[PDB]
Every structure is written in C-alpha cells, then in structure tokens.
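First comes one chain, alone, set out as structure tokens in the form deposited in one PDB entry.
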C-alpha cells in the first residue's frame, strides 16, 4: 500500500497511490498524518472512495506534513561515520528537525541570502510510526512502523557547526524552514524489499550509494532507544541517517549552488527531486 498527501491547486488530501500518476482520495483526512491517527487507517486506505485524482509530481505534498516529532539520527552508516572522522557508536545520536522544515518531494528549496553559503545534501530513509510507541522493546518495534519514505536531511553546514564552537548542537543547521523534501509517498512494509540501494544525485551525478541494510542501528533498535526517553505518536518520523558522500566531506568540498537539483532514491520506495532556488 502507498499513501500520499496530494495538493490540487493548494488543497491537500490523503490518497491511496494506484499508479505513478493516479490516486484514490481517502475521504475525511487532509493528509496521511491525519489518517494515521485512526487505529483502522489500513482499512480506510483499502476502502478509499473519494475523488479519483490524476496528479503531477509537483502536486505531491510532504507525505506526513505535520508530524509532532521528526527525530533525526546521526552517524548510522559505517562509511559516513569514517568520512566525518568519527568512531562507530555504542549509542544512537539524536537531534530534532521541526516540521516547518518539511517540503513536498518535488518542491523547490527556496533559500534566503543568509542561509545559502554551505548547503549540503543528506539522502536518508524515513520511518513513519503507525501507533503510539512508549517504552517499546526491539522485538515488538516492527508493529509500530506504518511504513517508509525518503527524506533529504537538507543541511546548512555553517549553522550546523556554529554553536558552541567545540561541541556544536546541529539543530539550527538541520531545521531551515521549507528545506527537506519528504516522500514521494509512504510504502507499507508488506510492499517493498527492505535493505535496497540509497542513492543521491546532484545535477545528475551520483554522490551517495549505500544499501539501507548497512544501517548501524535498525529502525527497530531506534524505536526501542527513542521510546525509552519519550513516546512517538502515530505519524511521527524517524530519519535513520545519511550514508557516505556528503558535499561537506568531499575532496574537493562541494555545496549546493543556485538552481542545482538533488534527487534521493531508495529501491522499492521511489524518489524525491528538489531544486535549490536562491531567494529573489
């Protein structure tokens, strides 16, 4: 099952994706997040009976546009850990992206002048929570996963490493409003092969390539760790980390310039494609 948030001329719906450009409206929900608040969301999706829609890629909204929590994971692929001069961790690294950072999977990333100096890509697999998860053990955690999608953890590296200078808190470089493409839609775990290639492209050149089963901490381990600190609600998002090949780590160093496009693709999940636009 594939669930999308679709906006036709500014108006959003929750929709069952039927093909690359057709969907069935699921009545009574503005978006997939609202749907996931219902315990019978799978049933409602299986009985979609609203307007039939034909959609362009730019009409896809952030698949869950208003999660209460987007918990981002740092340093969760060996190759990324190595390139950033770090040790293989004993403990998951967590930091927060506010939902104001989310954009549609094909939306332009409009960057203001003060934020445009060190723009970087981080292609990541997202996990979407299907019901309230509190103090959940790893062995039970898969029950709490509604499905998966793709996100760009779109980064302002100069803000990310600003403060404090010695042990910078990354949050301010990881939550630029309207920066993080999210979709194209949520795939349920019954409907793709977990573990496939995560690939990122800048202006059509492949800059990231790693299988998702090289994750150091599994979605299940991430749910156990996070949920012994605070709960995750239906519709909340875990962003499981980026593999190697980020622009900040490259020889030579490479940042996103005006008009450049970052595509992120995960085998079985589809892709997002976001053009950076420097503000007027």
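For the two forms, the rigid core is made up of the largest set of C-alpha atoms that agree within 1.5 Å on superposition. Numbering follows the first chain given and starts at 1.
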Stretch with higher mean Cα temperature factor, 242-250 vs 229-237, is 242-250
Stretch with higher mean Cα temperature factor, 251-259 vs 30-38, is 251-259
When the entry's CA B-factors for 120, 177, 158, 87 are compared, the highest one belongs to 87
One of 147, 105, 195, 173 has the largest Cα B-factor in the entry, namely 195
Residue 143: C-alpha B-factor third of its chain, per the entry, is the middle
For residue 224, the third of its chain by CA B-factor is the lowest
Assert third(CA B-factor, residue 164) within chain per record equals middle
Quick tally, chain-level thirds of C-alpha B-factors: residue 77 sits in the highest
Tertile call for residue 199 (CA temperature factor, within chain, third-based) is the highest
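Beyond the structure shown, there is the form deposited in another entry, which is absent from this document and is the topic of what follows.
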Shifting its Cα by 2 Å or more between this form and the one not shown with the rigid core aligned, the only one of 188, 209, 172, 79 is 79
By the 2 angstroms cut-off, has the C-alpha of residue 139 moved between this form and the one not shown once the rigid core is superposed? no
